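Next come the chains, spelled out residue by residue.
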Amino acid sequence: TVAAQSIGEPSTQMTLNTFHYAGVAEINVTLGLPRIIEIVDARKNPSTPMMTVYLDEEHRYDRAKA
Amino acid sequence: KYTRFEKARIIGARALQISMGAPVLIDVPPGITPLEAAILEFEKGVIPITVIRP
Amino acid sequence: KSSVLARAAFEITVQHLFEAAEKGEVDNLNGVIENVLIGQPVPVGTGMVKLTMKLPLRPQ
Amino acid sequence: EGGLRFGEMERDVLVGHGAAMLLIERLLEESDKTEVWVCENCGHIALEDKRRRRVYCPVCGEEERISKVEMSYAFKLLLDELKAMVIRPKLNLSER
Amino acid sequence: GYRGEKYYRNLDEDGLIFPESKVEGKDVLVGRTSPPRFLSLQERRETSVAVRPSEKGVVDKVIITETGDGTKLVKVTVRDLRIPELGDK
Amino acid sequence: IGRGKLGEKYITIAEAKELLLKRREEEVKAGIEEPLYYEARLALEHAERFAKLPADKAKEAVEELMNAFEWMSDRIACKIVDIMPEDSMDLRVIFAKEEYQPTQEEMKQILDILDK
Amino acid sequence: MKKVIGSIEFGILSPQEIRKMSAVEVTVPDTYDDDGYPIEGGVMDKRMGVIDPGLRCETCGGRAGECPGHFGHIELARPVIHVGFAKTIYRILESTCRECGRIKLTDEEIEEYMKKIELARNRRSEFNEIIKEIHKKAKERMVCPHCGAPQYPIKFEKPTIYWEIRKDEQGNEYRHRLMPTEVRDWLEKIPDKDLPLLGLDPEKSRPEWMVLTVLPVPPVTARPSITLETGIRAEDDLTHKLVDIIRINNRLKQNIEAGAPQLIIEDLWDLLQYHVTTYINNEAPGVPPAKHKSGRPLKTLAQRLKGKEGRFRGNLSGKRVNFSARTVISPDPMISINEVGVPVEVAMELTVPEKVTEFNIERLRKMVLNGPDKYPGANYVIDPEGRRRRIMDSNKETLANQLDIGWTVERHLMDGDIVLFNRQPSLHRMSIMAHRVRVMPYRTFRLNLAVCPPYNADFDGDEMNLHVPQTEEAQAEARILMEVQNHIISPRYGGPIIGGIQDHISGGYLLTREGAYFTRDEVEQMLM
Amino acid sequence: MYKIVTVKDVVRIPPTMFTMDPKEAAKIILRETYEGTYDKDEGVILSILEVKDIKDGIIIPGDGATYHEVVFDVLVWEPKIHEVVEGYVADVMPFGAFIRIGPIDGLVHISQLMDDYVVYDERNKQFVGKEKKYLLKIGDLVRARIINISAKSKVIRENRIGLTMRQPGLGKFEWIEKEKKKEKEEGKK
Ligand SMILES: [Mg+2]
Ligand SMILES: [Zn+2]
Ligand SMILES: [Zn+2]
Ligand SMILES: [Zn+2]
């Protein structure tokens, strides 16, 4: 019960509109309370799927090779 | 040693026993309430109730 | 959750109740919500402590 | 002269504090509580007759084993509502 | 259903409260009896209209009228002074 | 019966006459008006009606009856002590309830075991 | 002596159980006569209990507030399908043979699936998956393996309509409808040996019990009529629906006895089925809900057990309580953080029962002498026998002298008492804490300012509730577990939750800033 | 029949008797719980002789008292069907004679005393001899086989025991002596 309340209580302080900004280097993704609801409900397919791909040692530090 | 749940349970049992007519095991100031009498008995170390732990 | 009453109190009560009637499910009242519904101490916190005492108590 | 609502969120707060006896005090004595006759042979609630000063179980005709049970009145109403449908909730008693 | 004689202290013989008389909680404003209920018999239920249980003030005016069906209708207004205190918004 | 009965032992009417007298003495030493509570004073009258046979020697006769033959149960033994039979008809009748009937030579020997 | 409920086992009521547990059979579709007494044999027959004052229930004596209630029963003219079990009935029908009633499975496959089921079927999801697999397997066989007979497909039409797609001459089906009596006869001949394969239980339930022929009647105390201010009895929705059901049943019985045409009997049967399915659940899919005289939808048994205002969430998980008070809050920095200011008006209304002992006799005697009007007084005394006496001005000294060991006094609140202090919504566990009572003249609760953040409260019109524990164990729990000074550190992040806010921080900065200096009088006064 | 049995049970020691030793306080509590009680499967409970062993007390929530498991022995007079009972007739009443057999009183119906036609006195209200002239008195102690036992309730009331006399070997000691004389005469002839 303490864990359930410690998760629920801050959820009244998060935002809904997120940021909605691109900034070239960033991809728009859902954030705030809807993201937490998605994670807890374990949706089969998230609204904004995204992956973070790490390059191997080769091409990792070179911009053109990346 | 004691968890706060055990302490609360012991004090609650002692207070009810004292209220129902059990004698107090330590001298108390006049006019005190049974709950405070049980709390006094407790911090004075005179507790006749023990807790079962597996 | 194994308890019928715990699931019933959450959502879609009638479907759970009728399904439990069909299956002949048995609720052992091992949880918190069912015990609160009955009106007997819950098995958490002070509700799980067990006490004993030596009877021949003599005042000091 | 109504009473204040003691919401289920308050009950969850009480559980989170671990105060079981405070919870039972708030939820039974202050609001509703009653004693019923339960026939442990078949689980059905027995009938107490104030004419004969006698307790007996109508559904199975048992008078030997009729134990006293303490429960909320609202739960008895819930049991009656379930028995209003074809639901049959059997009650298994235990000591202590 | 007859409540205490204390609560009929401020009534007139016609069953209506005297204006400018100070009242307290659950004091009877209009005394009225109703036909009995068959569970008794040869009785009259007490159905007086009384002040709200926690309110207090002074009776300001009493009005006697006739409804759309000719039945008597009585309206009583109670005024209460409210000096500012702690908790007022 | 209280939850979980365990044990059983049959005793003579004289074997409890003295116990009922014990209740009589402790209750009066406690100052209770009745020498012993209801259903026990009347039972004491019932005991003293034919409590002439000594209790200890009643148990002695009982144990000798066990040693005499194995079919005998202590209840039957104390019953035999507390009847004091005189002729065959007596034991035939008192055993007529029992599945087993007593032999007449068994009569003659339990006559010796009975003594007074 | 006293036993507790150890477990609850559910099931389905058999007609024999309903008949035996009932107290009376209902035959008259009316509640009250002209004068106001219950009509003999009506839906408000006194056999089920008494709700009107000055009436004794002949079943168990009692009074309006004493008689608990007794169940009635209605003998339905013809069986009807229970709406809660209709989907299950469809699941069963298309998985068993029409002739022998056996499960349409092969014996070795039955053995394999019985072996599978016994492997911890208590897990509901796995049991459901296994039963779904069995249903899918039994769906796709046109011919029974146990006996030689063709099996026609069955179409389920909501809410309780079953069609049988059976062929005819020139190879054309006519979608025969299955009457409830035919369905009950089909279900009845199912053997118990394969009931676990269908997800049922041979003892707690039976397939033929799901089609009900006798309908239990709830007790009168479960259907309380309200005497409206106009003097007209306002019947509960359930009572009205029962009246309709009895009227339809009586009409059906009369028509059957009179040899009515088949179509009329079918229409009456459908009407009775509709009335029953609305009474059990007025929000059942595929039906127009029954409506009150005012046009509002009726509330029935299924409605009482659902929703935020329903039984489970409105009267079981939460309820209204006694010994509680509510008023606005106002700041008070002069009291300790573990103390709450209580109005004197509230203190003389709420009471804390206390037992008379050798160490508190004189104080209780003084309070009893003070009466129920002086502030440190009392309102009731309870003798050791258990009788309740109200303290009045003519009883003060007599009851004070009668007072002795073993008595109970319902004294007014005092300084140092423990109470529960709550703000809604109860978002997290430190929304409710225990405070020490400190009596105050005015009519607002006084709360220390450092305790605001846990309650998320500001003094702009907020109202907060107060509760008084009534038993010694509850008071001990509140005193030991719920003290305010225990919860300085928040459990969410291990940091303080109670602390200085606003003016506290500003004054601290003003005091400790560089260049701040104070004189003799200022230092002495501030330290004092 | 008098019989001593041992039974375990749980005892609710109230806080008022916490000071005294557990055994005697138990004893009194057992006395109050069942001193004047007659069991269906045991008989009329007479006396809790002594508590053999007392266990510790478990503090159940709500009550606050101590519950101790105990083992004790109690002597119980157990009536048995088809049994001779050597009691004396307490009173007589024209459906049946009442013979006192212990804590309960046994009933000897008029049509079940003696093979002779059903007869019972009215002026003396004890018994009238039709053909046998075979008088049973209120102070005389008799033995009688039992036909039935009325196990109804534990309040030692509404319970009666049927005792037959028609069978041989029962009755007033005088007529038993007369039957013994007849047996002696037949054995001597
Ligand atoms: Mg606010
Ligand atoms: Zn039963
Ligand atoms: Zn009733
Ligand atoms: Zn077949």
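Structure determination for this entry, per the PDB record, employed cryo-EM and reached 3.4 Å resolution.

Caption draft 1: Molecular detail of the overall build of chain C. Helix and strand content of chain C: 3 helices and 2 strands. Along its sequence from the N terminus, chain C presents helices and strands in the succession α-α-β-α-β. The globule rule puts the C-alpha radius of gyration for 60 residues at 10 Å, and the 18 Å found for chain C is more than 25% above it. Based on the C-alpha atoms only, the size of chain C along its principal axes is roughly 60 × 20 × 15 Å.

Caption draft 2: Local environment of the overall build of chain B. Assigned secondary structure in chain B consists of 2 helices and 1 strand. Moving toward the C terminus, one meets the helices and strands of chain B in the order α-α-β. Split into buried and exposed, the 54 residues of chain B put 54% on the buried side. As displayed, chain B offers around 2500 Å² of accessible surface, 60% of which is attributable to carbon and sulfur atoms.

Caption draft 3: Here's a closer look at the nonpolar core. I5, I8, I89, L187, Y279 and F312 of chain G are the most contacted members of the largest nonpolar core, which has 108 residues in total. Not counting chain neighbours up to four residues away, the residues in contact with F312 of chain G comprise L5, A8, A9 and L37 of chain C, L78 of chain D together with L305 and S317 of chain G. Core analysis: the next-biggest nonpolar cluster, separate from the first, contains 66 residues, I11 of chain B, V42 of chain C together with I59 and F72 of chain H among them.

Caption draft 4: Expanded view of the interface of chain B and chain H. Residue-level contacts link 7 residues of chain B with 10 residues of chain H. Roughly 700 Å² of surface becomes buried between chain B and chain H when both sides are summed, with 68% attributable to carbon and sulfur atoms. Interface area lost by chain B to chain H is led by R9, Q17 and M20 of chain B, which between them contribute 56%. Counting every contact that joins chain B to chain H gives 0 salt bridges. Counting every contact that joins chain B to chain H gives 2 residue pairs in polar contact. The element best represented in the side of chain B that touches chain H is helix α1 (residues 4-20) of chain B, accounting for 5 residues.

Caption draft 5: Looking closely at the coordination of the zinc ion (ligand 2). All names here are of chain D. Within the first shell, the zinc ion (ligand 2) binds the protein through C39 (SG), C42 (SG), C57 (SG) and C60 (SG), at distances of 2.3 Å. Considering all 4 donor atoms around the zinc ion (ligand 2), the spread of angles at the metal, 109 to 111 degrees, places the coordination shape in the tetrahedral class. Spacing between the donor residues of the zinc ion (ligand 2) along their common chain follows C-x2-C-x14-C-x2-C. According to the relative accessible area criterion, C57 is buried, its value standing at 0%.

Caption draft 6: Just the packing of helix α1 (residues 8-17) of chain D against helix α2 (residues 20-29) of chain D, in detail. Residue and element names in this part refer to chain D. As a packed pair, α1 and α2 sit with axes 8 Å apart at the nearest point and diverge in direction by 155 degrees. When the axes of α1 and α2 are compared, the pair comes out roughly antiparallel. Contact residues: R11, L14 and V15 in α1; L22, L23 and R26 in α2. Of the residues in the contact of α1 with α2, the class split is 4 nonpolar, no polar and 2 charged.

Caption draft 7: Representation of the sheet that holds strand β15 (residues 408-412) of chain G in the model. All names here are of chain G. Pairing is antiparallel in the open sheet, where 4 strands are placed in the order β12-β15-β13-β14. Each edge of the open sheet carries a strand with a single partner, namely β12 (351-355) and β14 (388-390). Within the sheet, the average angular offset between the axes of one strand and its neighbour, ignoring direction, is 25 degrees. As judged from the 3 bridges shared by strand β13 (residues 378-382) and β14, these two strands associate in the antiparallel manner.

Caption draft 8: Local environment of the arrangement of the chains. Out of 16 pairs of chains that touch, the pair holding the most contacts is chains D and G. Kept free of each other, chain A and chain C leave a smallest C-alpha distance of 11 Å between them. Nothing in chain E touches chain H; the tightest C-alpha to C-alpha distance between them is still 36 Å.

Caption draft 9: Spatial organisation of the interface of chain D and chain G. Listed by partner, the interface residues are 61 residues for chain D and 76 residues for chain G. Contact between chain D and chain G buries roughly 6500 Å² in total, counting both sides, with carbon and sulfur atoms accounting for 59%. It is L4, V86 and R88 of chain D that lose the most area in chain D upon contact with chain G, and together they represent 12% of the buried surface on that side. Remark: the boundary between chain D and chain G carries 8 salt bridges. Applying the counting criterion to the chain D and chain G interface returns 33 residue pairs in polar contact. Residue assignment for the side of chain D that touches chain G shows that the elements contributing at least two residues are β1 (5-6), α1, α2, β3 (47-49), β5 (66-71), α3 (73-84) and β6 (90-94) of chain D. In terms of residues, the side of chain D that touches chain G owes the most to one element, α3 of chain D, which gives 10 residues. Taken together, the residues of the side of chain D that touches chain G sort by class into 27 nonpolar, 11 polar and 23 charged.

Caption draft 10: Here's a closer look at unusual backbone geometry. Residue and element names in this part refer to chain G. The linkage connecting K158 with the following residue, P159, adopts the cis geometry, with an omega of 0 degrees. Counting through the fold element by element, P159 comes out in the loop between β3 (154-157) and β4 (161-164). In the segment running from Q424 into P425, the intervening peptide bond is cis, with an omega of 0 degrees. Relative to the helices and strands, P425 resides in the loop between β16 (418-422) and β17 (432-440). If you check the backbone angles, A120 has positive phi at about 60 degrees while not being a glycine. Among the structural elements, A120 can be located in the loop between α3 (107-118) and α4 (124-139). When its relative accessible area of 30% is taken as the criterion, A120 is described as partly exposed.

Caption draft 11: Region of the structure containing the pairing of strand β19 (residues 463-467) of chain G. Residues and elements named next belong to chain G. Within β19, 4 of the 5 residues are buried, leaving the element largely enclosed by the surrounding structure. Pairing of strand β10 (residues 324-331) with β19, which is carried by 5 bridges, proceeds in the antiparallel orientation. Opposite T327, over in β19, you have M464 as the bridge partner. Relative to β19, β16 is paired through 3 bridges, and the arrangement is antiparallel. Counterpart to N422 in the pairing with β19 is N465.

Caption draft 12: The arrangement of the coordination of the magnesium ion (ligand 1) in detail. For the magnesium ion (ligand 1), the full set of protein donor atoms is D458 of chain G (OD), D460 of chain G (OD), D462 of chain G (OD) and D462 of chain G (OD), at a range of 2.0 to 2.2 Å. Assessed through its relative accessible area of 41%, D458 of chain G is described here as partly exposed.

Caption draft 13: Seen up close, the sheet that holds strand β5 (residues 176-177) of chain G. Residues and elements named next belong to chain G. With antiparallel pairing, 3 strands are arranged side by side in an open sheet as β3-β4-β5. The open sheet has two edge strands with one neighbour each: β3 and β5. Pairing of β4 with β5 involves 2 bridges; the strand directions are antiparallel. Bridge pairing links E164 to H176 in β5. This element, helix α2 (residues 86-93), spans β3 and β4 of the sheet and lies at about 175 degrees to β3.

The rules behind these values
Residues numbered from 1 in each chain as written, not as in the entry; some residues may be left out. Chains lettered and ligands numbered in written order. Part of a larger assembly, values for the part shown. Heavy atoms only, no water. Helix = DSSP H or I, 4+ residues; strand = E, 2+ residues; numbered from the N terminus. Rg over C-alpha atoms; globule rule 2.2 N^0.38 Å. Buried < 20%, exposed > 50% of the residue type's maximum accessible area, 1.4 Å probe, protein only. Areas by Shrake-Rupley, 256 points an atom, 1.4 Å probe, with all protein chains shown as cover. Core = buried A, V, L, I, M, F, W, Y, C linked by side-chain atoms within 4.5 Å. Contact = heavy atoms within 4.5 Å. Buried area = accessible area lost by both parts, 1.4 Å probe. Salt bridge = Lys/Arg side-chain N within 4 Å of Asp/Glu carboxyl O. Polar contact = N/O pair within 3.5 Å; in protein donor to acceptor, adjacent residues only side chain to side chain. Donors = N, O, S within 2.8 Å, 3.2 Å for Na, K, Ca; no water. Tetrahedral: all angles 85-135°; square planar, octahedral: opposite > 155°, others 65-115°. Axes fitted to C-alpha atoms, helices over the stretch in contact; angles between N-to-C directions. Parallel < 35°, antiparallel > 145°, perpendicular 65-115°, else oblique. Nonpolar A, V, L, I, M, F, W, Y, C, P; charged D, E, K, R; others polar. Pairing = 2+ DSSP bridges.

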